[PDB]
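Sequential numbering from 1 along the given sequence is applied to the chain's residues. Because only heavy atoms are used, hydrogens play no part in the values below, and waters and symmetry mates are left out as well, while side chains stay in. Both counts, for ligands and for their atoms, begin at 1 and track the order of listing.
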Amino acid sequence: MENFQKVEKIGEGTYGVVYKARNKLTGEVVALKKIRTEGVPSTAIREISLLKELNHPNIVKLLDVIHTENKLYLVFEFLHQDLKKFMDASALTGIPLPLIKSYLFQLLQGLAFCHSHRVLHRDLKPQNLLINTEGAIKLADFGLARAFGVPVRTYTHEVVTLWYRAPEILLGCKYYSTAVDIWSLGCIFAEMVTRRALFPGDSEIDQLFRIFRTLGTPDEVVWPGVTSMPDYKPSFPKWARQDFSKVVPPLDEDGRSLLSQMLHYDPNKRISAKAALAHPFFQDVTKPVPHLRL
Ligand SMILES: NC(=O)c1ccccc1NCc1cccnc1
């Protein structure tokens, strides 16, 4: 692979290291990801290849899939910053509401597109939401989870974050639905608003109990079928639900109403991306430009 000159290490992903690189022939600047192997599953090659056709303005474009020497490389369009860094850089003053709303609106458009094509992300987090100088925000790594799997540690034994995982996944449900992505985005929306993670669990049970402490321990009334989930235990403590006004102050009622629908326990009652786009919170949406210092 001498068709690319590594410019720097953009980081270490869940599957492999990611590099910023320039195509020696085209001059194009791209993001190159080396994927974890002994023969490379043929099942994963066809799945990944299908994603090359999943193109939308709010989805990071997958340019090419290169298979070789027990090694798989994914070539993606390059963006200069991620939302995790932007939030840290905006920690003192906070991201202005108009920009938070623009970003949430664009992310829901991207989810609506992928979900209409039967593609789920499964591991949304600030680190895989990328931004540019024009005020655009895009989702990175859609569909890779299903193509492969989701280990506990990265290739460098790094600890995978559980902060954005939906309760049905934590309770052992075997079949994920588009609803898991809406839950993760709701958690990110709350974090942009308050400037602190909503549910920063440091273990699977701590993550689950942090959710229960805030939204109340779920029961058959609010979540039909919950007591029959694979990892549900009758011994779970029973915490009362807290008021949203206390969860994401000082967000207005339009915002709290939308957030509450994105965080419904029952995956079937949780709002869809398409329906969320029509919520009154977006009546005055615009597209501001962020101040990025690259
Ligand atoms: N597609 C990409 O461009 C990308 C891929 C993986 C991780 C971060 C990424 N960009 C944002 C970024 C963050 C830090 C430094 N330079 C770029």
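Using a 4.0 Å cut-off between heavy atoms, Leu130 contacts ligand 1 through its side chain alone, with no backbone atom that close. Within the 4.0 Å heavy-atom criterion, the part of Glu77 lying near ligand 1 is the backbone and not the side chain. With a 4.0 Å cut-off on non-hydrogen atoms, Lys20 does not touch ligand 1 at all.
Counting atoms of ligand 1 from 1 in the listed order, those under 4.0 Å from a heavy atom of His80 are 12 (C), 16 (N), 17 (C). In summary, the atoms of ligand 1 found under 4.0 Å from a heavy atom of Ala31, numbered by their order in the structure, are 1 (N), 2 (C), 3 (O). Short contacts between ligand 1 and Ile10, defined as distances under 4.0 Å to a heavy atom of the residue, involve ligand atoms 7 (C), 8 (C), 9 (C), 12 (C), 13 (C), 14 (C), 15 (C), 16 (N), 17 (C).
Remark: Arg146 pairs with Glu47 by the salt bridge (charged side-chain N to carboxylate O under 4.0 Å, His left out) rule, at least two apart or across chains.
In this structure, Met1 CE and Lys71 NZ are separated by 11.0 Å, a value rounded to the nearest 0.5 Å.
For a threshold of 3.5 Å applied to N or O pairs, the pair formed by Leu79 and ligand 1 contains at least one separation below that value.
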Only pairs under 3.5 Å count here: list side-chain donor-acceptor contacts from residues 277-286, not counting sequence neighbours, and write none if there are none.
residue, atom, partner, partner atom, Å
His279, ND1, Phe281, N, 3.1
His279, NE2, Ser257, OG, 3.3
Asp284, OD1, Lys101, NZ, 2.7

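A donor-acceptor contact closer than 3.5 angstrom links the side chains of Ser102 and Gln106. Under 3.5 Å, the side chains of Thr26 and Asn23 contain a donor-acceptor pair of N or O atoms.
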